[PDB]
Amino acid sequence: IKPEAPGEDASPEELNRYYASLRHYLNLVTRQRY
């Protein structure tokens, strides 16, 4: 499952921020944890 992140370029650095937007979303979404 993906948050559909490779929708920019994902070559110069949208893949780094692919894991970063993924990580930011991750860090966020686990807001409730349970």
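- Its PDB header names solution NMR as the technique used to obtain the model.

## Looking at unusual backbone geometry
Then, in step 1: We note that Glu4 has phi near 55°; this positive angle belongs to a residue other than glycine.
Then, in step 2: Its location among the elements puts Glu4 in the segment before α1 (16-29).
Then, in step 3: For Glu4, a relative accessible area of 65% gives the class exposed.
Then, in step 4: In this structure, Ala10 is a non-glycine residue whose phi angle is positive, near 80°.
Then, in step 5: One can find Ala10 in the segment before α1.

## Re the environment of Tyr18
Then, in step 1: Looking at the secondary structure, you find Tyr18 in helix α1.
Then, in step 2: We classify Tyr18 as buried; its relative accessible area is 8%.
Then, in step 3: It is 5.6 Å that separates the C-alpha atoms of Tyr18 and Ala5, two residues lying 13 residues apart in sequence.
Then, in step 4: Leaving out residues up to four positions away in the same chain, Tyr18 has contacts with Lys2, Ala5 and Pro6.

Quick notes on the rules
Residues numbered from 1 in each chain as written, not as in the entry; some residues may be left out. Heavy atoms only, no water. Helix = DSSP H or I, 4+ residues; strand = E, 2+ residues; numbered from the N terminus. Buried < 20%, exposed > 50% of the residue type's maximum accessible area, 1.4 Å probe, protein only. Contact = heavy atoms within 4.5 Å.

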